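In the block that follows, a single chain appears as structure tokens, in the form deposited in one PDB entry.
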């Protein structure tokens, strides 16, 4: 199991049988900012189970994230891909993404199932409204006190035997560096540095200029998230050598994010510019290769199951309805991306063993 390979995981899917209604599968079409443009595209919520807010269709159907057999299947798949860690999309208790319901209540269950498969769970902190240094302090504390003693709680284990929580902070650039510095610098007014609540905070780099903001904020690392090559400076793998060099100079953990493709046009029909064909696994393999070449301390995978954005490596199956032919992994099997991950994970694991100065 490769503990240096992290995958972005989403627990926001629901169905009537487990949640009392569809959640996320019935995603609305997101309106373009200009309503003159939006009026020429589809509108309203998708209608599961045959019409979902994805360009692909899961082997598990319009599943519930809260179904314990679904969680087990997911853990099996990640273990068989040789992924050691899932980075769980997270909102604070009683808060949720704008298209979903609260998910913090499910964390204990996900931890238990992860433990069953020797997997670890870290946290991908989403941009909840009014997220700032004050409430991030409280949420970090909350996460560590509540889940920190679970044996599947992820900690980056240094060779020195220190073991630090990790937090990926999505769209961290929304909060000013002077606010972050309150939490993340040694002498910030509400610093968690050197407290029992210390950890490795990874910032999302979008634009090149964010490099500098990230230094000023006191983050420990950078990640790039987006699966589309060319969408941002960070998501373009031509720039990963430079980011790696920068991170090395400044003692930051570089975590490039690699994806198998992208397509979100079931929910963002205006966003065809960022669509990337999977090329029967070759897009993913080019990403994985480009990441391995930078000799990174960790690699992240976008994603296990962001089905709206078509970046999932979770098992997908052919499906045709009266008006839709879903995308799929034909001519390969539903486990294609799991197999390709296992291959590159073992390369990365063997190569990463020879990075060390000792």
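Only residues modelled in both forms are compared. Rigid core: the largest C-alpha set superposing within 1.5 Å between the two forms. Positions refer to the first chain, counted from 1.
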| item | value |
| --- | --- |
| Residue 314: gap in at least one third of other compared structures | no |
| Test item: residue 46 lacks coordinates in at least a third of other entries | no |
| Mean Cα B-factor comparison, 247 to 255 or 145 to 153, giving the higher one as deposited | 145 to 153 |
| Mean C-alpha temperature factor, higher of 349 to 357 and 1 to 9 | 349 to 357 |
| Residue, from 87, 214, 163, 184, that the PDB entry assigns the highest Cα B-factor | 163 |
| Given 58, 42, 49, 68, the residue at which the Cα B factor reaches its maximum | 68 |
| Entry-reported Cα temperature factor of residue 204, expressed as the chain third it lands in | lowest |
| Residue 312, C-alpha B-factor rank within chain (lowest, middle or highest third) | lowest |
| Record-listed C-alpha B factor of residue 30: chain third | middle |
| Chain-wide C-alpha B factor ranking for residue 286, given as lowest, middle or highest third | middle |
| Chain thirds of CA B-factor: placement of residue 267 | lowest |
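Beyond what is shown, the protein has a form deposited in another entry; the following relates to that form.
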query: Position with Cα shift of 2 Å or more, rigid core superposed between the shown form and the other one, options 198, 97, 213, 220; finding: 97
query: Residue 130 C-alpha relocation of at least 2 Å between the shown form and the other one, rigid core basis; finding: no
query: Core-superposed comparison between the shown form and the other one, residue 282 Cα displacement 2 Å or beyond; finding: no
query: Rigid core superposition, residue 158 Cα moves 2 angstroms or more between the shown form and the other one; finding: yes
query: Direction of C-alpha distance change in the other form, residue 97 to residue 328 (at least 3 Å); finding: farther
query: Distance direction in the other form for the C-alpha atoms of residue 143 and residue 98, relative to the displayed form (3 angstroms or more); finding: closer
query: Large-shift segments between the shown form and the other one, meaning 3+ residue runs whose Cα move 2 Å or more when the rigid core is superposed; finding: 94 to 102, 157 to 162, 323 to 325
